[PDB]
Amino acid sequence: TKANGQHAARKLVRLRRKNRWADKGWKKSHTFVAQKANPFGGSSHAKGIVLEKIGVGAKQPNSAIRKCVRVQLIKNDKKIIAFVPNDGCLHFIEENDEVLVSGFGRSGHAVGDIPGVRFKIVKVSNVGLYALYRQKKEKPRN
Amino acid sequence: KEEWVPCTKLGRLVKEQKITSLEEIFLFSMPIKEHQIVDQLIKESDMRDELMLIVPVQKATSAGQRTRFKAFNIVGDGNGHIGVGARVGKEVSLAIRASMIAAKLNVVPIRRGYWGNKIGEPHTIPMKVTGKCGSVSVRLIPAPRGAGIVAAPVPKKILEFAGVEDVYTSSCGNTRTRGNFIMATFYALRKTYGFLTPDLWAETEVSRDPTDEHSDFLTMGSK
Amino acid sequence: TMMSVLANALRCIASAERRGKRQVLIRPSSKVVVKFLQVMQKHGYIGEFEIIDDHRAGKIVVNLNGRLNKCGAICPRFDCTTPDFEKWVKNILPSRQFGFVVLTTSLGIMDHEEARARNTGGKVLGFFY
Amino acid sequence: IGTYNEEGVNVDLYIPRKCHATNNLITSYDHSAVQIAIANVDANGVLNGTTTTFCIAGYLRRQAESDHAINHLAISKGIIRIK
Amino acid sequence: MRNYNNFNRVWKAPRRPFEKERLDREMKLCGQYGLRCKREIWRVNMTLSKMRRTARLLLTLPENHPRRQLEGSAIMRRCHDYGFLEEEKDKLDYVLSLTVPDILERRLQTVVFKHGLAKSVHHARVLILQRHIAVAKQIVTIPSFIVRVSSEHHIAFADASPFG
RNA sequence: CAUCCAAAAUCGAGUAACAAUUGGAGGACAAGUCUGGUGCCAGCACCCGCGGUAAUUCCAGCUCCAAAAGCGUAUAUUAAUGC
RNA sequence: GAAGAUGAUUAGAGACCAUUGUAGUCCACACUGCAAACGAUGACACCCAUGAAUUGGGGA
């Protein structure tokens with residue numbers, strides 16, 4: 001339980017300081033190993049250079065093929081996978097094009113039917129990829 | 001409805017003008033065994049009937065399975081009468097019809113006090129109360145005027161029924177099983193009169209039951 | 001052992017009241033326990049009480065009229081103040097109408113209602129409905 | 001008796017009955033809280049008519065404290081004789 | 001740098017915006033009183049919650065407290081103005097019986113119509129913004145101007161008006 | 001910004017082309033018993049789940065819904081949490 | 001009686017079973033402190049009702 005004494009204070013304090021290390025919602029904030037691990041440095045986005053297009057399978061209950069992109073990160077020289085999140089826009093990504101990369105949804109667990117991938121490609125060459133998809137802009141090769 | 005024959009003492013009296021209100025029945029504790037006792041005394045244009053839930057239940061059987069439908073009714077007057085049915089029938093309309101019967105049996109009155117400001121007629125519960133069914137337990141806290149009904153939509157209904165317009169609430173445990181939440185909330189609003197307060201006591205006098213007084217006319221009733 | 005005299009007394013009263021019993025025994029006695037009882041007997045929640053003398057420590061005996069619903073103890077004797085009467089009165093009591101918190105002051109032992117009136121806060125003692 | 005307004009006007013649907021034994025409020029919900037009515041008697045064995053009343057709570061038939069309390073209530077009113 | 005001017009929000013969106021209960025009681029207002037969008041319904045809500053907070057806090061206090069005395073008279077005074085409450089009110093429980101419509105009702109848009117100077121609320125919103133209304137002698141082209149109990153009886157028309 | 005289209009003398013809307021968008025409509029969560037196309041493919045899906053030719057969820061059209069000159073998306077943080 | 005050996009059982013079998021057999025099982029003096037070391041119920045203190053027995057002391 002707990003201590004109700006007048007001078008009990010210090011025991012209470014030290015108890016909390018111990019038991020917050022059993023919380024993962026404390027660690028995720030205060031500890032900088034988490035920051036380091038994250039490929040953006042904990043920044044909102046980052047840019048990368050497209051390496052290779054990689055076809056990626058899917059898990060057992062929903063059989064599909066998914067289009068993914070092996071990208072390298074300018075900032076930290078790490079490699080990462082990301083998903084193309086529109087229909088038939090694999091075309092609009094080509095090798096050695098700069099590209100932006102974002103997280104998607106829950107960022108501690110991988111998204112369903114794509115293992116290991118929490119990362120979706122928002123922008124190709126700073127153009128909105130959505131804009132290309134539902135036609136407004138056209139991709140520069142300029 | 002179809003023509004009705006009382007098999008209850010109360011029922012006879014209610015069909016006559018002898019018992020003219022719920023209060024008489026409540027005040028000298030007696031069970032309501034016929035829903036027709038409610039409809040006669042409390043006229044329609046005060047009563048409301050909502051269905052809080054309808055859900056399938058399944059019972060296991062070898063090969064194919066039989067099915068059923070649970071449902072809840074809720075009932076009452078905004079003048080401080082509430083009552084919650086729940087029943088089971090093998091079809092939709094069955095369980096619906098059944099619920100509304102049970103509901104009108106289970107009717108109980110409601111005490112509403114004040115928060116420590118007295119104007120008009122009661123807008124607030126008289127005290128904190130709790131009710132519990134399953135691991136959920138609700139804590140009704142009295143609120144100042146103009147607070148509104150601060151609860152989730154599920155109890156918001158149940159509170160609107162009972163004439164409570166100002167409350168603050170919280171729940172505990174598993175609240176995402178609907179059925180348990182309803183019964184819980186209702187047992188809360190009972191517990192009001194179940195708690196002794198200084199304002200009530202004075203050694204208030206008792207008198208004869210309506211049944212007893214009217215015994216002669218119930219004898220004649222039997223004939 | 002017992003580290004609060006009040007706690008030993010008012011868990012006999014509460015239990016007894018929930019069983020509807022019309023008298024209760026209280027194992028110790030203090031100057032403090034007296035004053036607490038006195039309050040509630042004025043406001044009408046207790047018939048009478050006797051203090052009996054063994055010439056070591058007394059044994060209080062009380063007559064319950066069944067008009068109580070709880071008698072608690074606020075054990076650490078936390079500090080309440082002129083603004084903070086409000087706080088306590090809401091949080092530990094079911095009402096503001098008939099909730100009675102009892103406090104200690106230099107002046108004596110009294111209800112929150114009388115405490116406000118004389119404009120002195122103090123350390124809390126116990127409570128009853 | 002009961003809740004009032006600042007205008008002194010009763011707001012209650014009803015004022016519940018007293019159980020004389022424990023001085024607790026008999027609920028509508030309790031249906032084991034029975035009202036026992038004994039008819040008084042005078043000299044020459046003539047009934048005065050039903051006059052006195054007891055009310056017992058439904059928490060006194062869950063362990064049968066009922067009998068006990070009825071005696072203390074009765075004996076005090078001179079209804080039941082003790083030597 | 002060196003800006004010492006305040007910013008504050010006057011409106012906020014209630015939690016859980018997909019409640020079909022709330023939606024009913026929104027459209028009912030915004031259509032009837034001719035309001036532009038839901039933003040307006042919320043704007044009044046905020047200011048009402050604010051008022052009701054201090055009134056609750058005052059009500060808690062024992063009699064003859066400075067907070068109670070001073071600031072009690074003020075809250076009451078400004079609901080006498082604008083005609084939200086009448087001069088038979090004093091309790092600071094009356095103040096807590098105020099709700100969203102009684103505010104909206106005293107906006108210029110509705111007051112114009114109700115006094116007989118337009119044929120609809122929609123039509124009275126135009127009459128305002130085409131600079132052809134006044135509120136005593138002062139041309140007001142804002143529909144959300146709250147009109148004093150005194151000065152809803154001197155509305156007239158603008159002196160720039162071809163309708164006046 | 002405001003005040004004005006003469007004080008003798010100074011402009012101008014009718015598809016009011018001076019034309020509102022961004023996300024949604026199986027559940028959670030306000031809104032489709034739709035029509036065409038695709039057929040475990042293409043893709044959607046925070047989560048539960050949709051697609052194997054009978055798709056209320058995909059790709060199009062119409063219809064309706066929420067907010068509105070603002071609306072989606074990402075990450076962090078706070079409330080939600082008596083986790 | 002773990003290990004080992006031999007005979008069965010079995011498709012396969014130091015298997016489970018049978019005949020054997022070392023460490024160990026015992027004692028003294030040292031270590032080890034690892035158990036479902038369980039009542040899966042921490043320690044001290046107060047209040048709390050129904051019936052029939054048992055184990056120690058004391059009382060008539």
# chains A, B, ... in the order shown; residues from 1 in each chain; ligands from 1
$ residues_around --residues "residue 67 (chain B)" --least-positions-apart "5" --cutoff "7 Å" --atoms "only C-alpha atoms (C1' of nucleotides)" --output "list in words"
residues 57, 58, 59 and 90 of chain B
$ select_by_dssp --residues "region 86-140 of chain E" --states "helix (DSSP H, G or I)" --output "ChimeraX atom specification"
/E:95-97,100-104,108-117,121-129
$ write_last_selection --atoms "N, CA, C and O atoms" --output "compact mmCIF listing (two decimals), in the first residue's frame"
# COMPACT_ATOMS: atom_id res chain seq x y z
N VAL E 95 -28.36 33.30 -13.04
CA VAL E 95 -27.22 33.42 -13.92
C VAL E 95 -26.81 32.08 -14.49
O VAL E 95 -26.34 31.98 -15.62
N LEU E 96 -26.99 31.00 -13.70
CA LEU E 96 -26.67 29.65 -14.10
C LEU E 96 -27.80 29.00 -14.85
O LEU E 96 -27.65 27.87 -15.31
N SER E 97 -28.96 29.69 -15.02
CA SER E 97 -30.06 29.19 -15.81
C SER E 97 -30.01 29.74 -17.21
O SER E 97 -30.89 29.43 -18.02
N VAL E 100 -27.61 28.93 -24.29
CA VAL E 100 -27.18 29.38 -25.60
C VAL E 100 -28.22 30.22 -26.34
O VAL E 100 -27.81 31.26 -26.85
N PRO E 101 -29.53 29.92 -26.41
CA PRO E 101 -30.47 30.68 -27.23
C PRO E 101 -30.61 32.11 -26.78
O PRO E 101 -30.59 32.97 -27.65
N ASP E 102 -30.76 32.37 -25.46
CA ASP E 102 -30.96 33.69 -24.88
C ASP E 102 -29.89 34.70 -25.23
O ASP E 102 -30.14 35.91 -25.18
N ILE E 103 -28.66 34.23 -25.55
CA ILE E 103 -27.57 35.01 -26.09
C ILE E 103 -27.86 35.38 -27.52
O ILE E 103 -28.01 36.56 -27.82
N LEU E 104 -28.00 34.36 -28.40
CA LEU E 104 -28.24 34.46 -29.83
C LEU E 104 -29.40 35.37 -30.17
O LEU E 104 -29.33 36.16 -31.11
N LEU E 108 -27.86 41.34 -33.07
CA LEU E 108 -28.48 42.33 -33.92
C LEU E 108 -29.30 41.74 -35.02
O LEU E 108 -30.40 42.22 -35.29
N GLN E 109 -28.83 40.62 -35.63
CA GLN E 109 -29.48 39.91 -36.72
C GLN E 109 -30.91 39.54 -36.42
O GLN E 109 -31.80 39.74 -37.24
N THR E 110 -31.14 38.97 -35.22
CA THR E 110 -32.44 38.54 -34.78
C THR E 110 -33.25 39.72 -34.30
O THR E 110 -34.41 39.83 -34.69
N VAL E 111 -32.67 40.63 -33.48
CA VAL E 111 -33.32 41.82 -32.95
C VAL E 111 -33.96 42.69 -34.01
O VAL E 111 -35.09 43.14 -33.84
N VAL E 112 -33.26 42.90 -35.17
CA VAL E 112 -33.73 43.61 -36.35
C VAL E 112 -35.03 43.04 -36.85
O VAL E 112 -36.01 43.77 -37.00
N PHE E 113 -35.07 41.71 -37.09
CA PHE E 113 -36.21 40.97 -37.60
C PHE E 113 -37.38 41.09 -36.65
O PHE E 113 -38.45 41.55 -37.05
N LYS E 114 -37.16 40.75 -35.37
CA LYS E 114 -38.13 40.72 -34.30
C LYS E 114 -38.80 42.05 -34.02
O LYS E 114 -39.88 42.08 -33.44
N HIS E 115 -38.12 43.18 -34.34
CA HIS E 115 -38.64 44.51 -34.13
C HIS E 115 -39.46 44.98 -35.30
O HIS E 115 -40.18 45.97 -35.19
N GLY E 116 -39.39 44.27 -36.45
CA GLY E 116 -40.34 44.39 -37.52
C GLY E 116 -39.72 45.03 -38.71
O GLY E 116 -40.43 45.51 -39.60
N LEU E 117 -38.37 45.07 -38.77
CA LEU E 117 -37.64 45.85 -39.74
C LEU E 117 -37.11 44.96 -40.83
O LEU E 117 -36.40 45.44 -41.71
N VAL E 121 -34.62 36.42 -40.86
CA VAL E 121 -33.36 36.60 -40.17
C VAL E 121 -32.28 36.72 -41.21
O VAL E 121 -31.43 37.60 -41.11
N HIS E 122 -32.29 35.83 -42.23
CA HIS E 122 -31.48 35.85 -43.43
C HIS E 122 -31.51 37.19 -44.14
O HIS E 122 -30.49 37.68 -44.61
N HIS E 123 -32.71 37.81 -44.17
CA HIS E 123 -33.01 39.06 -44.83
C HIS E 123 -32.53 40.20 -43.99
O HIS E 123 -32.18 41.25 -44.51
N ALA E 124 -32.51 40.02 -42.65
CA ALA E 124 -32.08 41.03 -41.72
C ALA E 124 -30.59 41.04 -41.60
O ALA E 124 -30.02 42.06 -41.23
N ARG E 125 -29.90 39.94 -41.99
CA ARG E 125 -28.47 39.86 -42.00
C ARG E 125 -27.92 40.65 -43.15
O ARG E 125 -26.83 41.22 -43.05
N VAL E 126 -28.67 40.71 -44.27
CA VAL E 126 -28.33 41.51 -45.42
C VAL E 126 -28.52 42.97 -45.09
O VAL E 126 -27.61 43.75 -45.35
N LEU E 127 -29.66 43.35 -44.46
CA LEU E 127 -30.01 44.71 -44.08
C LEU E 127 -28.96 45.41 -43.24
O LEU E 127 -28.74 46.61 -43.35
N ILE E 128 -28.31 44.63 -42.34
CA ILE E 128 -27.16 45.00 -41.55
C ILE E 128 -25.97 45.33 -42.42
O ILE E 128 -25.44 46.43 -42.35
N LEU E 129 -25.57 44.38 -43.29
CA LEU E 129 -24.30 44.38 -43.98
C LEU E 129 -24.31 45.25 -45.21
O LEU E 129 -23.26 45.47 -45.81
$ atom_distance --atom1 "CA of residue 97 (chain B)" --atom2 "CA of residue 73 (chain B)"
9.3 Å
$ residues_around --residues "residue 29 (chain D)" --least-positions-apart "4" --cutoff "9 Å" --atoms "only C-alpha atoms (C1' of nucleotides)" --output "PyMOL selection string"
chain B and resi 26+29-31+108+190+194
$ residues_around --residues "region 52-57 of chain D" --least-positions-apart "2" --cutoff "10 Å" --atoms "only C-alpha atoms (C1' of nucleotides)" --output "MDAnalysis selection string"
(chainID B and resid 205:208) or (chainID D and resid 17:27 30:40 49:50 59:62 65:67 69:70 73:74 77)
$ write_last_selection --atoms "N, CA and C atoms" --output "compact mmCIF listing (two decimals), in the first residue's frame"
# COMPACT_ATOMS: atom_id res chain seq x y z
N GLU B 205 -45.46 9.21 10.96
CA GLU B 205 -46.51 8.26 11.25
C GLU B 205 -46.80 7.35 10.09
N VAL B 206 -47.25 6.12 10.41
CA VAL B 206 -47.69 5.14 9.45
C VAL B 206 -49.18 5.04 9.63
N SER B 207 -49.88 4.53 8.59
CA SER B 207 -51.30 4.30 8.63
C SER B 207 -51.55 3.04 7.85
N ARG B 208 -52.84 2.62 7.78
CA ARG B 208 -53.28 1.36 7.24
C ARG B 208 -52.98 1.29 5.77
N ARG D 17 -41.42 5.28 5.15
CA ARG D 17 -41.85 4.83 6.45
C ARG D 17 -40.65 4.59 7.31
N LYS D 18 -40.88 4.62 8.64
CA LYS D 18 -39.87 4.36 9.63
C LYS D 18 -40.02 2.94 10.08
N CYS D 19 -38.87 2.26 10.26
CA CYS D 19 -38.75 1.02 10.98
C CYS D 19 -38.40 1.47 12.36
N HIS D 20 -39.28 1.19 13.35
CA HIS D 20 -39.16 1.68 14.70
C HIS D 20 -37.96 1.12 15.42
N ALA D 21 -37.59 -0.15 15.09
CA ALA D 21 -36.50 -0.87 15.69
C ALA D 21 -35.14 -0.27 15.48
N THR D 22 -34.80 0.15 14.24
CA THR D 22 -33.47 0.61 13.90
C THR D 22 -33.47 2.08 13.56
N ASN D 23 -34.67 2.68 13.40
CA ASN D 23 -34.91 4.05 12.98
C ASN D 23 -34.30 4.32 11.63
N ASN D 24 -34.46 3.35 10.69
CA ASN D 24 -33.93 3.43 9.36
C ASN D 24 -35.11 3.51 8.43
N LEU D 25 -34.89 4.08 7.22
CA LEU D 25 -35.90 4.28 6.22
C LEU D 25 -36.22 3.00 5.52
N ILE D 26 -37.50 2.55 5.61
CA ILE D 26 -38.02 1.44 4.87
C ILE D 26 -38.18 1.88 3.44
N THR D 27 -37.52 1.16 2.51
CA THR D 27 -37.60 1.41 1.09
C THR D 27 -38.82 0.73 0.53
N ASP D 30 -37.54 -2.91 -0.61
CA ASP D 30 -37.67 -3.98 0.35
C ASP D 30 -39.11 -4.40 0.45
N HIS D 31 -39.39 -5.69 0.17
CA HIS D 31 -40.71 -6.26 0.20
C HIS D 31 -40.76 -7.25 1.33
N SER D 32 -39.68 -7.33 2.14
CA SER D 32 -39.62 -8.16 3.32
C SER D 32 -39.81 -7.28 4.53
N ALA D 33 -40.05 -5.97 4.32
CA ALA D 33 -40.29 -5.03 5.38
C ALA D 33 -41.76 -4.96 5.65
N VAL D 34 -42.24 -5.81 6.59
CA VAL D 34 -43.64 -6.07 6.80
C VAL D 34 -44.19 -5.14 7.83
N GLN D 35 -45.48 -4.77 7.68
CA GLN D 35 -46.20 -3.92 8.59
C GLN D 35 -47.13 -4.80 9.37
N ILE D 36 -46.83 -4.99 10.67
CA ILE D 36 -47.58 -5.88 11.53
C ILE D 36 -48.50 -4.98 12.30
N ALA D 37 -49.82 -5.29 12.28
CA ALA D 37 -50.84 -4.51 12.93
C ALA D 37 -51.52 -5.41 13.91
N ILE D 38 -51.36 -5.11 15.23
CA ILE D 38 -52.00 -5.85 16.29
C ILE D 38 -53.16 -5.03 16.79
N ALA D 39 -54.28 -5.73 17.13
CA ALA D 39 -55.50 -5.11 17.58
C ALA D 39 -55.47 -5.10 19.08
N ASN D 40 -55.67 -3.90 19.68
CA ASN D 40 -55.65 -3.70 21.11
C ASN D 40 -56.90 -4.24 21.73
N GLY D 49 -60.50 -1.90 18.31
CA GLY D 49 -60.20 -1.65 16.92
C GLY D 49 -58.72 -1.56 16.79
N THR D 50 -58.19 -1.83 15.57
CA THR D 50 -56.79 -1.70 15.24
C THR D 50 -56.33 -0.27 15.43
N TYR D 59 -34.15 -6.07 6.61
CA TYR D 59 -32.81 -6.42 7.03
C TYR D 59 -32.85 -7.12 8.36
N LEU D 60 -34.06 -7.46 8.86
CA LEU D 60 -34.24 -8.09 10.14
C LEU D 60 -34.84 -9.45 9.93
N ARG D 61 -34.99 -9.90 8.66
CA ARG D 61 -35.46 -11.23 8.33
C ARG D 61 -34.40 -11.94 7.54
N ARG D 62 -33.19 -11.33 7.42
CA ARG D 62 -32.05 -11.95 6.76
C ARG D 62 -31.16 -12.60 7.78
N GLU D 65 -33.48 -11.18 13.29
CA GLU D 65 -33.42 -10.30 14.43
C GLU D 65 -34.79 -9.76 14.77
N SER D 66 -35.79 -10.04 13.90
CA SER D 66 -37.15 -9.53 13.91
C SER D 66 -37.84 -9.72 15.24
N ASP D 67 -37.94 -10.99 15.71
CA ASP D 67 -38.57 -11.40 16.95
C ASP D 67 -38.09 -10.60 18.13
N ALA D 69 -36.50 -7.64 18.38
CA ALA D 69 -36.78 -6.23 18.36
C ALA D 69 -38.23 -5.96 18.68
N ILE D 70 -39.16 -6.78 18.12
CA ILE D 70 -40.60 -6.74 18.35
C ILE D 70 -40.92 -6.81 19.82
N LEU D 73 -39.88 -3.48 21.54
CA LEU D 73 -40.87 -2.50 21.13
C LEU D 73 -42.16 -2.67 21.90
N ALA D 74 -42.73 -3.90 21.90
CA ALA D 74 -43.93 -4.28 22.61
C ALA D 74 -43.88 -4.00 24.09
N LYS D 77 -44.32 -0.58 25.51
CA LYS D 77 -45.62 0.02 25.35
C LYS D 77 -46.61 -0.68 26.25
$ atom_distance --atom1 "CA of residue 68 (chain A)" --atom2 "CA of residue 120 (chain A)"
9.0 Å
$ select_by_dssp --residues "chain C" --states "strand (DSSP E or B)" --output "compact mmCIF listing (two decimals) with N, CA, C and O atoms, in the first residue's frame"
# COMPACT_ATOMS: atom_id res chain seq x y z
N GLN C 23 -26.33 -0.25 21.33
CA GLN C 23 -25.27 0.19 22.20
C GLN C 23 -24.00 -0.40 21.66
O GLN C 23 -24.01 -1.40 20.95
N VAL C 24 -22.86 0.26 22.00
CA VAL C 24 -21.54 -0.16 21.58
C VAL C 24 -20.66 0.08 22.77
O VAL C 24 -20.93 0.96 23.59
N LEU C 25 -19.54 -0.67 22.86
CA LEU C 25 -18.53 -0.56 23.89
C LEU C 25 -17.38 0.09 23.18
O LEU C 25 -17.28 0.00 21.95
N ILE C 26 -16.51 0.82 23.92
CA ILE C 26 -15.35 1.46 23.36
C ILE C 26 -14.28 1.17 24.38
O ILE C 26 -14.44 1.46 25.56
N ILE C 46 -26.93 10.65 18.78
CA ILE C 46 -26.56 9.75 19.85
C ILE C 46 -27.52 10.11 20.95
O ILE C 46 -27.82 11.28 21.17
N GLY C 47 -28.02 9.07 21.67
CA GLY C 47 -28.88 9.21 22.81
C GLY C 47 -28.18 9.74 24.03
O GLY C 47 -28.55 10.79 24.56
N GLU C 48 -27.15 9.00 24.49
CA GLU C 48 -26.42 9.27 25.70
C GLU C 48 -25.11 8.56 25.55
O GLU C 48 -24.89 7.84 24.57
N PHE C 49 -24.21 8.74 26.54
CA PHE C 49 -23.05 7.90 26.68
C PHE C 49 -22.61 8.02 28.11
O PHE C 49 -22.89 9.01 28.78
N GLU C 50 -21.90 6.98 28.60
CA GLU C 50 -21.36 6.90 29.93
C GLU C 50 -19.89 6.72 29.75
O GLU C 50 -19.45 6.14 28.77
N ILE C 51 -19.10 7.25 30.71
CA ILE C 51 -17.70 6.97 30.86
C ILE C 51 -17.64 6.26 32.18
O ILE C 51 -18.21 6.73 33.16
N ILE C 52 -16.92 5.11 32.25
CA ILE C 52 -16.88 4.29 33.43
C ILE C 52 -15.42 4.33 33.80
O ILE C 52 -14.58 4.59 32.95
N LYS C 59 -13.65 3.04 30.16
CA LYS C 59 -14.34 2.35 29.11
C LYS C 59 -15.58 3.14 28.83
O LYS C 59 -16.53 3.09 29.61
N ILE C 60 -15.64 3.80 27.65
CA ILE C 60 -16.80 4.54 27.21
C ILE C 60 -17.81 3.49 26.78
O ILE C 60 -17.44 2.37 26.45
N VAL C 61 -19.11 3.84 26.75
CA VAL C 61 -20.21 2.99 26.38
C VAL C 61 -21.11 4.04 25.80
O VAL C 61 -21.12 5.16 26.29
N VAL C 62 -21.86 3.73 24.72
CA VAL C 62 -22.58 4.75 23.99
C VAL C 62 -23.87 4.08 23.66
O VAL C 62 -23.95 2.85 23.61
N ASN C 63 -24.94 4.89 23.50
CA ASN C 63 -26.25 4.47 23.09
C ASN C 63 -26.47 5.05 21.73
O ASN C 63 -26.47 6.27 21.57
N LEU C 64 -26.62 4.18 20.71
CA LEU C 64 -26.91 4.58 19.35
C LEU C 64 -28.39 4.56 19.18
O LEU C 64 -29.07 3.63 19.63
N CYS C 71 -19.10 7.19 10.97
CA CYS C 71 -18.25 8.08 11.71
C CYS C 71 -16.87 7.66 11.32
O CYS C 71 -16.44 6.55 11.63
N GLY C 72 -16.12 8.58 10.67
CA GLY C 72 -14.84 8.25 10.10
C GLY C 72 -13.78 8.86 10.97
O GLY C 72 -14.07 9.45 12.01
N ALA C 73 -12.52 8.76 10.51
CA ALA C 73 -11.39 9.37 11.13
C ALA C 73 -10.52 9.78 9.99
O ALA C 73 -10.31 8.99 9.08
N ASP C 79 -3.83 19.64 7.26
CA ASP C 79 -4.14 21.02 7.50
C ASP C 79 -5.17 21.54 6.53
O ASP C 79 -5.01 21.45 5.32
N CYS C 80 -6.27 22.08 7.11
CA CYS C 80 -7.37 22.67 6.40
C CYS C 80 -7.37 24.11 6.86
O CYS C 80 -6.85 24.44 7.92
N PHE C 100 -20.82 16.78 8.01
CA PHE C 100 -20.19 17.44 9.13
C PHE C 100 -18.78 16.95 9.26
O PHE C 100 -18.57 15.79 9.59
N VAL C 101 -17.79 17.84 9.04
CA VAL C 101 -16.40 17.55 9.28
C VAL C 101 -16.13 18.26 10.57
O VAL C 101 -16.70 19.32 10.82
N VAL C 102 -15.25 17.68 11.41
CA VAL C 102 -14.97 18.17 12.73
C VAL C 102 -13.49 18.38 12.67
O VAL C 102 -12.76 17.57 12.11
N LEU C 103 -13.03 19.45 13.34
CA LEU C 103 -11.71 19.97 13.18
C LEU C 103 -11.26 20.29 14.56
O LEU C 103 -12.05 20.34 15.50
N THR C 104 -9.95 20.55 14.67
CA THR C 104 -9.31 20.93 15.88
C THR C 104 -8.90 22.34 15.56
O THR C 104 -8.68 22.68 14.39
N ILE C 109 -12.85 22.16 19.91
CA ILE C 109 -13.14 21.09 19.00
C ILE C 109 -14.50 21.47 18.50
O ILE C 109 -15.40 21.72 19.31
N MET C 110 -14.70 21.51 17.16
CA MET C 110 -15.93 22.05 16.64
C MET C 110 -16.12 21.59 15.24
O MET C 110 -15.20 21.10 14.59
N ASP C 111 -17.37 21.74 14.74
CA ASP C 111 -17.79 21.59 13.37
C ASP C 111 -17.16 22.64 12.50
O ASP C 111 -16.85 23.73 12.97
N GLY C 122 -7.71 24.94 10.93
CA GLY C 122 -6.87 24.15 11.79
C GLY C 122 -6.64 22.82 11.15
O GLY C 122 -6.81 22.65 9.95
N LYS C 123 -6.22 21.83 11.96
CA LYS C 123 -6.00 20.48 11.52
C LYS C 123 -7.24 19.67 11.75
O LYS C 123 -7.90 19.81 12.78
N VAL C 124 -7.59 18.80 10.77
CA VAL C 124 -8.81 18.02 10.75
C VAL C 124 -8.69 16.88 11.71
O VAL C 124 -7.61 16.58 12.21
N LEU C 125 -9.85 16.27 12.07
CA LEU C 125 -9.95 15.37 13.18
C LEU C 125 -10.74 14.17 12.73
O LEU C 125 -10.23 13.05 12.75
N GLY C 126 -12.02 14.37 12.34
CA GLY C 126 -12.88 13.27 11.98
C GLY C 126 -14.07 13.84 11.29
O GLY C 126 -14.12 15.04 11.03
N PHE C 127 -15.06 12.99 10.96
CA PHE C 127 -16.19 13.39 10.16
C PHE C 127 -17.29 12.39 10.39
O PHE C 127 -17.04 11.27 10.82
N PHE C 128 -18.53 12.79 10.06
CA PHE C 128 -19.69 11.97 10.25
C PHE C 128 -20.75 12.51 9.34
O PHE C 128 -20.64 13.63 8.84
$ interface_residues --of "chain B" --to "chain D" --cutoff "8 Å" --atoms "only C-alpha atoms" --output "number ranges by chain"
B: 23, 26-31, 108-109, 111-113, 118-122, 193-196, 199-207
$ interface_residues --of "chain C" --to "chain G" --cutoff "12 Å" --atoms "only C-alpha atoms (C1' of nucleotides)" --output "PyMOL selection string"
chain C and resi 1-19+24-28
$ residues_around --residues "residue 71 (chain F)" --least-positions-apart "6" --cutoff "9 Å" --atoms "only C-alpha atoms (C1' of nucleotides)" --output "PyMOL selection string"
chain F and resi 21-23
$ closest_residue --among "A:119, A:134, A:16, A:88" --to "residue 107 (chain A)" --atoms "only C-alpha atoms"
A:119
$ atom_distance --atom1 "CA of residue 212 (chain B)" --atom2 "CA of residue 37 (chain B)"
18.2 Å
$ residues_around --residues "residue 92 (chain E)" --least-positions-apart "4" --cutoff "12 Å" --atoms "only C-alpha atoms (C1' of nucleotides)" --output "number ranges by chain"
B: 117-119, 144-146; E: 51-61, 68-69, 71-77, 79, 85, 88, 96-98
$ interface_residues --of "chain F" --to "chain A" --cutoff "7 Å" --atoms "only C-alpha atoms (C1' of nucleotides)" --output "list in words"
residues 40, 43, 46, 74 and 75 of chain F
$ write_last_selection --atoms "C-alpha atoms (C1' of nucleotides)" --output "PDB file, in the first residue's frame"
ATOM      1  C1'   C F  40      -7.345 -12.384 -52.849  1.00  0.00           C
ATOM      2  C1'   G F  43      -5.202  -1.563 -53.995  1.00  0.00           C
ATOM      3  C1'   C F  46      -4.295   4.078 -37.209  1.00  0.00           C
ATOM      4  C1'   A F  74       3.576  13.411 -40.070  1.00  0.00           C
ATOM      5  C1'   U F  75       6.167  13.808 -35.323  1.00  0.00           C
TER       6        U F  75
END
$ interface_residues --of "chain E" --to "chain F" --cutoff "10 Å" --atoms "only C-alpha atoms (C1' of nucleotides)" --output "PyMOL selection string"
chain E and resi 16-20+23+37-39
$ interface_residues --of "chain A" --to "chain C" --cutoff "9 Å" --atoms "only C-alpha atoms" --output "list in words"
residues 4, 5 and 6 of chain A
